[PDB]
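According to UniProt numbering, the stretch in the first sequence is residues 12 to 108, in order.
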Amino acid sequence: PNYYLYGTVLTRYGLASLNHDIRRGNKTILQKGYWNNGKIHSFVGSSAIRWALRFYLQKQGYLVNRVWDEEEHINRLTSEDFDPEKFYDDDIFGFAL
RNA sequence: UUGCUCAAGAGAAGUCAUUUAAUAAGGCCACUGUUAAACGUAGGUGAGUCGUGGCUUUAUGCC
């Protein structure tokens, strides 16, 4: 049967400066917009969280097609052809060429 | 003085009276703009009115 895992996770309190918007001028301003009650809330992109999850998968030793160098800051592909059967990355996050 | 010399085709008259291009018609039925992504890191400003009034020590600032 089809099974789904939905979840809302709440992070710990602290100072935050993540996923900044365009660094126009000298300021590095946050990614902010409207939320409930019509007040301004700061946002963090979901692509960053997906990248963090993929990096966790890579660091834990699971076989992933995309590998982060952590030194040259370049993403390298283990195999040009995407194989979701073998790679955790392709199975979970999908792919598109 | 020219086969010439002169020489009005002239006077008057409504193309009129009447007539629906009318009756009827669905541009209709179907369509995902699908799939993937770290913001990394450095780019600026245009425009009035004129002589103390409630607080506060003139002071000097609030409305």
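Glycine included, C-beta positions come from ideal geometry on N, C-alpha and C.
Check whether the Cβ atoms of residue i and residue j lie closer than 8 Å to each other.
i                 : j             : result
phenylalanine 93  : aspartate 80  : no
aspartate 32      : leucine 41    : yes
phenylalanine 106 : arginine 61   : no
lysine 38         : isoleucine 51 : no
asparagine 86     : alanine 59    : no
Taking the beta strand (DSSP E) that residue i belongs to, which residues open and close that run?
i             : result
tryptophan 46 : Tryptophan 46 -> no beta strand (DSSP E), and no H or E assigned at all.
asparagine 13 : Counting along the chain, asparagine 13 falls outside any beta strand (DSSP E), and DSSP gives it neither H nor E.
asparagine 86 : 86-88
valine 20     : Taken as a continuous stretch (DSSP letters only), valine 20 belongs to no beta strand (DSSP E), as it is neither H nor E.
Would you decide whether residue i is buried or exposed? Buried here means 16 or more other CB atoms lie within 10 Å of its CB.
i                : result
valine 75        : buried
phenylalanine 98 : buried
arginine 65      : buried
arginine 23      : exposed
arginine 77      : buried
Start and end of the alpha helix (DSSP H) containing residue i?
i                 : result
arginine 65       : 57-70
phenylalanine 104 : 99-104
DSSP three-state call for residue i: helix, strand or coil?
i            : result
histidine 52 : strand
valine 78    : strand
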